[PDB]
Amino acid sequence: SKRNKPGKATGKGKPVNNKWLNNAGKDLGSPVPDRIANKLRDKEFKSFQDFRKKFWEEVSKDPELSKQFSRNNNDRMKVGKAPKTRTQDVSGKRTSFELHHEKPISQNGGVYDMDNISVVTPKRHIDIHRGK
């Protein structure tokens, strides 16, 4: 459908902490680092999947951000895989951080609109798809 067809990176991003994802299990998670929003902005993406792997790959290229992550998780982001969330933050076999579109795609949501993109935990992500 939509997150599969190509698109263009757009958005400002937000200024971020040294404890970024630290609050990814609350409300709508952690925003997309402006520092990263700058790097990805105006880039062409085949699918959201393409954007995701590129996204985490930029995080690993960031001194400030990649330092907050374990050597292990950095190894995964270097190849496009998402970071591993804290156990108390996982939901079944879903264990990697998830990117949530604030305004659903099935409701005309910017697929590649970094201002509509956020980082969450599987646990929290689920409570979002049911109002809680």
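Note that residue numbering begins at 1 and tracks the sequence as displayed.
**Student:** Should the higher mean CA B-factor in the entry be assigned to 14-22 or to 104-112?
**Tutor:** Averaging CA B-factors over each stretch, the winner is 104-112.
**Student:** Tell me which of 54-62 and 38-46 has the higher mean C-alpha B-factor in the deposited entry.
**Tutor:** Per the PDB entry, the higher value belongs to 38-46.
**Student:** Where does the C-alpha B-factor of residue 75 rank in its chain, lowest, middle or highest third?
**Tutor:** Its C-alpha B-factor, which the entry lists for residue 75, ranks in the lowest third among residues of this chain.
**Student:** Would you mind checking where the Cα B-factor of residue 98 ranks among the modelled residues of its chain, as the lowest, middle or highest third?
**Tutor:** Lowest third, going by the recorded CA B-factors of the chain.
**Student:** Could you look up the Cα B-factor of residue 120 in the entry and say which third of the chain it sits in: lowest, middle or highest?
**Tutor:** Lowest third.
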